[PDB]
Amino acid sequence: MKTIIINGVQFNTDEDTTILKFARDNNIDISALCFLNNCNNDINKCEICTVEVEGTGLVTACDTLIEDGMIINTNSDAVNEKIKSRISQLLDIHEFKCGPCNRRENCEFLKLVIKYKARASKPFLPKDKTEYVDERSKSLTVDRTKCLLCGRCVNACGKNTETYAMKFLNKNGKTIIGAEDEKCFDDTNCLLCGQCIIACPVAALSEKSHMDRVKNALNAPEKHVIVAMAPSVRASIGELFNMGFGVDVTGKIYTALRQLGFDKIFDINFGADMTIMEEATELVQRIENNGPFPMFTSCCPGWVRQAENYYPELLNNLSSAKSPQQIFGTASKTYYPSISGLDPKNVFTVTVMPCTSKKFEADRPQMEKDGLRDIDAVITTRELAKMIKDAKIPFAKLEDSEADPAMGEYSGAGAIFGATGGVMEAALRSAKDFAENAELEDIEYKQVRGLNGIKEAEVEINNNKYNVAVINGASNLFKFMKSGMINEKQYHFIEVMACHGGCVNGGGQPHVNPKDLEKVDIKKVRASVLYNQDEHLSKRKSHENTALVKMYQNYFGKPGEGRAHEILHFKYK
Ligand code: 402
Ligand code: SF4
Ligand code: SF4
Ligand code: SF4
Ligand code: SF4
Ligand code: FES
């Protein structure tokens, strides 16, 4: 038993924990900055978590263990001046202009500046930001006028992907962060997954903006601008409107998009059901053809880049079905004109994604046909939130509306795509019906759900056993391959998501304050919205989507052949 005194209050505990963790468990106020994902910035600790231990002096609470007999003061004059001096030194390298800043509303640094009334010794006012900004990437951007050199992005890249694509660099004899050799991120092994963005406490790292494309398209009188949102968006964007976590705001989004002036309100979950139609058909074909095995999902751009950069020998095993975004986009320029009369060249297709890598995918040169892009613009959940706020739309008080059904209806199988294992479960629901020529009532595959890094299961399809795996995070793909687990069984179907937890934890998602991250399981609570929708939807199999079956019946024909094969597929070499 340890007896500790903190600000003159005695505590008795048996835990082996840091001062910071004990304080947070006991409603004691200690600030922190560089401590994230259980690590601080080892090569320059920010020391914002400074506390006083009588008899020892100032220590960093984030990595100092509590000991019996400790007497801790967290708010003494010496502690305060220490922290305020460190924030002051950060202001000296920080362009403090929150007005036009894209983190103005939820910035960790602004909060600390206000809390400690910190003041620069010399305001940082660069006149040429071109040497500080890197906008070369199709997915990520760097603004080093905001960078605190807290190392959170470098540590989060290593933890989440194990690529170490985000590095410390020496530019002109001083320290920056960036890609290898300061190249454009796209030209390195970087996955463009944006987990570095999610870890950034300020506006230093951001998504590559597509707001110019959307604004210009909405302003062009001849353009018919369609919009369709990813599964994860309806489970997360409410966080940026003070609505809390785990709120289903699907109907509010549809209304907001209409008020923004979009001409048609569809949904990427419709494209998810399309992807299942092609991919589940493909899986049954590989079963009939005895291979090739395994088939990998191909809907995650971060995983595709991981395969391209690290495992190119696996590219031919990726499912040929386009991702829900790109398969939706292809149909928006072909099927949708056939039921509307629109000139296909005048259709402008915008998606809202919880993902930065989707911008790279939509901009791939071959993701077009007859000169028409599958997808013309991709905006993140964060981008849509700012678009709604800039238009002064009272999102939290909007009435519910519905999507336009022709490419907007979706089944419960498409609805769960945004969670790790969702693509697997959705695919199996259709694959089993396809292969057994039956309509099975049992459709729930809970063995592939949850936040385990690697999830494996044996499934029975048409009186034979098959091995499936769900890889939850790019770092677990490396583990799955390097450990030899890939060879320990004959796998037949493998889902890979680059982001831990699936797209609900994507790099385009709302930032979450580090304290909130310790109090709520963001990955689980966001995903629970999607599984809740699947539970209450009248159609829970992709091939039972009534608007989808009308589209295949009246336009595309049979999945995996004929017209669907020419147009809805994509292979990587
Ligand atoms: N394309 C596509 Fe996907 C779908 O449907 C999204 O939109 Fe995902 C989400 N949410 C994202 O980003 S991508 C990977 N597969 C799972 S979900
Ligand atoms: S990063 Fe934060 S402190 Fe800096 S300008 Fe933006 S909102 Fe203000
Ligand atoms: S986008 Fe992903 S892979 Fe690239 S540096 Fe950021 S965290 Fe690492
Ligand atoms: S880019 Fe963001 S997370 Fe990375 S060191 Fe700079 S402030 Fe920290
Ligand atoms: S898991 Fe989802 S959000 Fe993350 S990189 Fe893949 S598609 Fe994008
Ligand atoms: S040294 Fe503790 S939060 Fe940075």
# chains A, B, ... in the order shown; residues from 1 in each chain; ligands from 1

$ residues_around --residues "stretch 347-355 of chain A" --least-positions-apart "3" --cutoff "8 Å" --atoms "only C-alpha atoms" --output "PyMOL selection string"
chain A and resi 193-194+214+217+223-230+232-233+268+325+329+332-333+342-344+358-359+374-381+384+503-509

$ select_by_dssp --residues "stretch 165-198 of chain A" --states "strand (DSSP E or B)" --output "PyMOL selection string"
chain A and resi 167-171+174-178

$ write_last_selection --atoms "N, CA and C atoms" --output "mmCIF file, in the first residue's frame"
data_model
loop_
_atom_site.group_PDB
_atom_site.id
_atom_site.type_symbol
_atom_site.label_atom_id
_atom_site.label_comp_id
_atom_site.auth_asym_id
_atom_site.auth_seq_id
_atom_site.Cartn_x
_atom_site.Cartn_y
_atom_site.Cartn_z
ATOM 1 N N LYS A 167 8.945 10.875 -40.469
ATOM 2 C CA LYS A 167 10.287 10.869 -39.907
ATOM 3 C C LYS A 167 10.681 12.249 -39.398
ATOM 4 N N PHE A 168 11.619 12.254 -38.454
ATOM 5 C CA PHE A 168 12.358 13.463 -38.118
ATOM 6 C C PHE A 168 13.409 13.723 -39.191
ATOM 7 N N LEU A 169 13.545 14.987 -39.597
ATOM 8 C CA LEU A 169 14.417 15.352 -40.706
ATOM 9 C C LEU A 169 15.259 16.565 -40.353
ATOM 10 N N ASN A 170 16.428 16.649 -40.986
ATOM 11 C CA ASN A 170 17.326 17.796 -40.877
ATOM 12 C C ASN A 170 17.222 18.605 -42.165
ATOM 13 N N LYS A 171 16.482 19.704 -42.110
ATOM 14 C CA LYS A 171 16.402 20.660 -43.207
ATOM 15 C C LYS A 171 17.158 21.917 -42.798
ATOM 16 N N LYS A 174 18.298 22.236 -38.950
ATOM 17 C CA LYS A 174 17.346 22.212 -37.849
ATOM 18 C C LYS A 174 16.237 21.217 -38.155
ATOM 19 N N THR A 175 15.428 20.952 -37.135
ATOM 20 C CA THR A 175 14.561 19.785 -37.108
ATOM 21 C C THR A 175 13.193 20.102 -37.691
ATOM 22 N N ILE A 176 12.730 19.234 -38.590
ATOM 23 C CA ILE A 176 11.353 19.224 -39.060
ATOM 24 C C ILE A 176 10.861 17.782 -39.047
ATOM 25 N N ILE A 177 9.566 17.614 -39.294
ATOM 26 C CA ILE A 177 9.002 16.303 -39.582
ATOM 27 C C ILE A 177 8.624 16.277 -41.053
ATOM 28 N N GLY A 178 8.600 15.080 -41.621
ATOM 29 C CA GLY A 178 8.212 14.928 -43.008
ATOM 30 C C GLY A 178 8.473 13.513 -43.484
#

$ closest_residue --among "A:241, A:254, A:445, A:270" --to "residue A:324" --atoms "only C-alpha atoms"
A:270

$ residues_around --residues "residue A:8" --least-positions-apart "2" --cutoff "12 Å" --atoms "only C-alpha atoms" --output "ChimeraX atom specification"
/A:4-6,10-11,54,70-76

$ residues_around --residues "residue A:393" --least-positions-apart "4" --cutoff "8 Å" --atoms "only C-alpha atoms" --output "list in words"
residues 256, 259, 388 and 389 of chain A

$ decode --residues "stretch 17-160 of chain A" --atoms "C-alpha atoms" --output "tab-separated table (two decimals), in the first residue's frame"
chain	number	residue	atom	x	y	z
A	17	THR	CA	1.04	4.00	-12.21
A	18	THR	CA	2.39	7.35	-13.34
A	19	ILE	CA	1.50	10.58	-11.58
A	20	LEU	CA	-0.44	11.71	-14.66
A	21	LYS	CA	-2.55	8.55	-14.86
A	22	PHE	CA	-3.27	8.60	-11.12
A	23	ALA	CA	-4.29	12.26	-11.36
A	24	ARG	CA	-6.61	11.60	-14.31
A	25	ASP	CA	-8.17	8.68	-12.42
A	26	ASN	CA	-8.80	10.94	-9.39
A	27	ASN	CA	-10.04	14.21	-10.98
A	28	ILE	CA	-6.74	16.05	-10.44
A	29	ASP	CA	-5.78	18.59	-13.09
A	30	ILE	CA	-2.47	17.99	-14.86
A	31	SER	CA	-1.85	19.23	-18.39
A	32	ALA	CA	-0.06	17.23	-21.06
A	33	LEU	CA	0.93	17.74	-24.68
A	34	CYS	CA	3.50	15.39	-26.20
A	35	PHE	CA	2.27	12.31	-24.28
A	36	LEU	CA	0.06	10.26	-26.61
A	37	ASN	CA	-0.29	6.56	-27.42
A	38	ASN	CA	1.55	5.75	-24.17
A	39	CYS	CA	4.70	7.63	-25.25
A	40	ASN	CA	6.09	11.13	-24.87
A	41	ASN	CA	8.61	12.92	-27.12
A	42	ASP	CA	11.72	11.16	-25.86
A	43	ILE	CA	14.23	13.41	-27.65
A	44	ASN	CA	12.61	16.66	-26.46
A	45	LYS	CA	9.96	16.21	-23.77
A	46	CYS	CA	7.53	19.13	-23.84
A	47	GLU	CA	7.38	19.17	-20.00
A	48	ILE	CA	3.84	20.62	-20.07
A	49	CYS	CA	3.01	17.86	-17.53
A	50	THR	CA	5.50	19.28	-15.02
A	51	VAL	CA	4.69	18.70	-11.34
A	52	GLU	CA	6.72	19.14	-8.15
A	53	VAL	CA	7.83	16.20	-6.02
A	54	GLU	CA	9.03	17.51	-2.66
A	55	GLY	CA	12.60	16.38	-2.07
A	56	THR	CA	13.24	15.77	-5.78
A	57	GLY	CA	12.13	18.82	-7.74
A	58	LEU	CA	10.25	19.30	-11.01
A	59	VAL	CA	9.40	16.03	-12.77
A	60	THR	CA	7.33	15.11	-15.83
A	61	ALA	CA	4.14	13.52	-14.51
A	62	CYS	CA	3.55	11.60	-17.75
A	63	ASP	CA	6.44	9.15	-17.17
A	64	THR	CA	7.17	9.46	-13.43
A	65	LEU	CA	5.92	6.56	-11.31
A	66	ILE	CA	4.20	7.23	-8.01
A	67	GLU	CA	6.05	6.02	-4.92
A	68	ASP	CA	5.18	5.56	-1.26
A	69	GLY	CA	5.67	8.74	0.73
A	70	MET	CA	5.48	11.00	-2.33
A	71	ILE	CA	4.28	14.57	-1.79
A	72	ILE	CA	3.20	16.15	-5.09
A	73	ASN	CA	2.28	19.76	-5.85
A	74	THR	CA	0.73	20.23	-9.30
A	75	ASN	CA	-0.04	23.97	-9.14
A	76	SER	CA	2.84	25.68	-7.34
A	77	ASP	CA	4.32	28.94	-8.62
A	78	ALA	CA	7.51	27.21	-9.78
A	79	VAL	CA	5.52	24.54	-11.63
A	80	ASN	CA	3.36	27.18	-13.34
A	81	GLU	CA	6.26	29.34	-14.52
A	82	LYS	CA	7.99	26.22	-15.85
A	83	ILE	CA	4.99	25.18	-17.95
A	84	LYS	CA	4.27	28.75	-19.06
A	85	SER	CA	7.89	29.11	-20.17
A	86	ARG	CA	7.67	25.98	-22.31
A	87	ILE	CA	4.44	27.17	-23.94
A	88	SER	CA	6.05	30.58	-24.45
A	89	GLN	CA	8.96	28.91	-26.23
A	90	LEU	CA	6.48	27.07	-28.46
A	91	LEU	CA	4.74	30.35	-29.29
A	92	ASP	CA	8.13	31.65	-30.50
A	93	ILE	CA	8.01	29.05	-33.31
A	94	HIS	CA	4.23	29.15	-33.82
A	95	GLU	CA	2.24	31.37	-36.19
A	96	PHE	CA	-0.46	32.23	-33.64
A	97	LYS	CA	-3.35	33.25	-35.96
A	98	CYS	CA	-6.37	31.15	-35.02
A	99	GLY	CA	-8.84	33.15	-37.13
A	100	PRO	CA	-8.50	31.29	-40.45
A	101	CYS	CA	-7.01	28.13	-38.91
A	102	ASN	CA	-8.65	24.77	-39.56
A	103	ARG	CA	-8.17	23.67	-35.91
A	104	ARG	CA	-9.50	26.92	-34.38
A	105	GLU	CA	-12.43	25.11	-32.74
A	106	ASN	CA	-10.64	22.13	-31.14
A	107	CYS	CA	-6.94	22.95	-30.83
A	108	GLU	CA	-4.91	21.49	-27.97
A	109	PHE	CA	-2.28	24.25	-28.17
A	110	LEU	CA	-4.71	27.18	-28.08
A	111	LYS	CA	-6.27	25.60	-24.99
A	112	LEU	CA	-2.88	25.49	-23.26
A	113	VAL	CA	-1.98	29.05	-24.30
A	114	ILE	CA	-5.21	30.29	-22.72
A	115	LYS	CA	-4.91	28.08	-19.64
A	116	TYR	CA	-1.44	29.39	-18.75
A	117	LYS	CA	-1.77	32.90	-20.28
A	118	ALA	CA	1.39	32.15	-22.24
A	119	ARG	CA	3.08	34.88	-24.25
A	120	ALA	CA	5.77	34.67	-26.92
A	121	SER	CA	9.10	36.34	-26.25
A	122	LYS	CA	8.97	37.35	-29.94
A	123	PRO	CA	5.83	36.68	-32.02
A	124	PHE	CA	6.42	34.31	-34.93
A	125	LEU	CA	5.23	36.10	-38.09
A	126	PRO	CA	6.76	34.51	-41.20
A	127	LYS	CA	6.06	36.50	-44.35
A	128	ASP	CA	6.70	33.65	-46.83
A	129	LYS	CA	4.96	30.41	-45.86
A	130	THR	CA	6.03	28.60	-49.05
A	131	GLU	CA	9.16	27.23	-47.36
A	132	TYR	CA	6.96	25.94	-44.51
A	133	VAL	CA	4.08	24.33	-46.46
A	134	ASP	CA	4.09	21.03	-48.38
A	135	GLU	CA	0.94	20.56	-50.49
A	136	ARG	CA	2.47	18.20	-53.07
A	137	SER	CA	0.59	15.13	-51.83
A	138	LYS	CA	-2.83	14.15	-53.13
A	139	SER	CA	-3.87	13.26	-49.54
A	140	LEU	CA	-1.78	15.04	-46.86
A	141	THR	CA	-0.48	18.57	-46.32
A	142	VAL	CA	2.12	20.01	-43.94
A	143	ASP	CA	2.11	23.53	-42.46
A	144	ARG	CA	5.28	23.79	-40.37
A	145	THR	CA	4.39	27.30	-39.15
A	146	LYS	CA	2.11	25.36	-36.75
A	147	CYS	CA	4.38	22.42	-35.91
A	148	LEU	CA	5.31	22.08	-32.23
A	149	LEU	CA	7.84	19.27	-32.87
A	150	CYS	CA	5.98	17.17	-30.30
A	151	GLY	CA	6.72	13.91	-32.15
A	152	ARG	CA	3.15	12.64	-31.82
A	153	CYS	CA	2.80	12.05	-35.58
A	154	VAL	CA	6.11	10.14	-35.81
A	155	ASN	CA	5.16	7.89	-32.89
A	156	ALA	CA	1.63	7.36	-34.18
A	157	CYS	CA	2.84	6.39	-37.65
A	158	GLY	CA	5.16	3.79	-36.12
A	159	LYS	CA	2.48	2.41	-33.79
A	160	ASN	CA	-0.34	2.35	-36.33
